[PDB]
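Undergrad: Turn this into a model:
(one chain, ligands or ions: 1)
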Amino acid sequence: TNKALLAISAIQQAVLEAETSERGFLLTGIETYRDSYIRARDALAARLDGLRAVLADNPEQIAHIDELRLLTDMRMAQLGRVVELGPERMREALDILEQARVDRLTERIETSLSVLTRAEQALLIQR
Ligand SMILES: [Cl-]
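TA: Numbers count the residues shown, from 1 in each chain. I have put the structure below:
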């Protein structure tokens, strides 16, 4: 369980890192920020794959991870589109970044991560 909570926090981290890196790239045009977005995106996928391996024997958790993953996939597709339009297309990139806001994927992911965290905490207590 303690291993699972670390993994959950590392997922939150990677999602924030992808967002902040994408914003940094739009702002500066410095490829280093794009690299960071790519790294965070890759790390997120890897951390999701591994968390799923920790929760393999818990159907309620597997379902919650499935749900988080849906949300993180939609969010990553949003950021990736903005990164694709990029600083060379500022107005387009901004229009899309702002349109993406209406889905509240960020809030929804944080809620999704809490459900997993609380469940592991409740779980540990029970056990
Ligand atoms: Cl998954």
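Undergrad: need the residues of this protein near the ion, please.
TA: Within the chain, the residues that sit near the ion (CB under 5 Å from the ion) are 48, 52, 69. In short, each C-beta sits where N, CA and C put it, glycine included.
Undergrad: One more pass at 8 Å, please.
TA: Contact residues (CB under 8 Å from the ion) of the chain with the ion: 48, 49, 51, 52, 65, 66, 68, 69.
Undergrad: Any quick ChimeraX command for the buried ones out of these?
TA: Buried residues within the residues of the chain next to the ion, by 16 or more other CB atoms under 10 Å, are selected in ChimeraX with:
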select :48,51,52,65,68,69
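Undergrad: Remind me which helix or strand the spatially most central residue of the chain belongs to.
TA: Central residue of the chain (CA atoms, centre = their mean): residue 15, 3.2 Å from the mean position. Element membership of residue 15, judged by DSSP states H and E, is helix 2-28.
Undergrad: Counting by contacts, list what the next helix-or-strand element following that helix packs against.
TA: The first helix or strand that comes after helix 2-28 along the chain, using DSSP H and E, is helix 31-54. Contact partners of helix 31-54 among helices and strands, from 3 or more CB pairs under 8 Å, 6 or more residues apart in numbering; DSSP states H and E: helix 2-28, helix 59-85.
Undergrad: Dump those to TSV, plus distance to residue 99.
TA: Output for the helices and strands packed on helix 31-54, formatted as TSV (distance: least, CB to CB, whole Å):
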stretch	distance to residue 99
helix 2-28	14
helix 59-85	9
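Undergrad: Ok, which of those comes nearest residue 35?
TA: Smallest distance to residue 35 across those (CB to CB): 8.1 Å, for helix 2-28.
Undergrad: how much does that closest one deviate in direction from helix 59-85?
TA: 10 degrees (axes from the mean of the first three to the mean of the last three CA atoms, to 10 degrees).
Undergrad: Enumerate the positions of the helix holding residue 15 that are buried.
TA: Quick answer for helix 2-28 (16+ other CB under 10 Å): 4, 7-8, 10-12, 14-15, 17-19, 21-26.
Undergrad: same deal with stretch 83-99?
TA: Neighbour counts over stretch 83-99 (16+ other CB under 10 Å) mark 83, 85, 93, 96, 97 as buried.
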